[PDB]
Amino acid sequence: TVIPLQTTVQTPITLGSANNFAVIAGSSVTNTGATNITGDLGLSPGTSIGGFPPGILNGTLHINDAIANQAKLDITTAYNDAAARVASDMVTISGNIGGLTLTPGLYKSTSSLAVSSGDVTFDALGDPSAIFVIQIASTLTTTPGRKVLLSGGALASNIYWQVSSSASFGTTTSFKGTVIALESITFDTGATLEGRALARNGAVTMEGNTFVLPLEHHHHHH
């Protein structure tokens, strides 16, 4: 599996009022154990968030309020933007991408995308402003202990995963980037995210996780 180097420069995907959220769900949120979120937590139009405590939110909880409701509209916009992007030099990838390095640009998976063996590296080739957009027609999953790694100055603020169904991250996965799923997102015990978990219509399920926003999350150039 050989990944070519794209020339088309992807623009950032505007997240609007979702930018200061670490986690957003649509139908419900369920947590088990000592999860910690540093960032805001949103739910709309659903009402039920379970498991805080023992989960801890270092941030503001927004349920069916002005900010959460706008954030749902804005994640729909972002999802549709991500899904509609096309470029003559975009790259098709699918299945297990463990062991691969992805350079900047646009990627499309017509089936499920996974990190099943080894780690996936995003390599910005010395340009921190680089953007990486991955379109996924099905699910996004990881086995236990998988990692999203950054090289060449790549930034978690600049990586986007558009997921047309649901995502599931195995125990102790260290994931990065903004995950925008149509349906649900699940993190198993001890998994972590530097990024955002933004579920449009389904649920976010957590167990003993650590969530933080991207380093310098309000910037894409550095």
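Numbering starts at 1 and runs along the sequence shown.
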- line: Looking only at C-alpha temperature factors in the entry, 126-134 or 113-121, the higher average sits in 113-121
statement: When mean C-alpha B-factors in the record are compared for 27-35 and 46-54, the larger belongs to 46-54
- line: Among 158, 192, 162, 64, the highest C-alpha B-factor in the PDB entry belongs to 64
statement: Split the chain's modelled residues into thirds by Cα B-factor; residue 96 lands in the highest
- prompt: For residue 106, does the deposited CA B-factor place it in the lowest, middle or highest third of the chain?
  reply: lowest
For residue 18, the third of its chain into which the C-alpha B factor falls: highest
query: Going by what the PDB entry lists, where does residue 205 fall on CA B-factor within its chain: lowest, middle or highest third?
result: middle
- prompt: By its CA B factor, does residue 142 count among the lowest, middle or highest third of the modelled residues in the chain?
  reply: middle
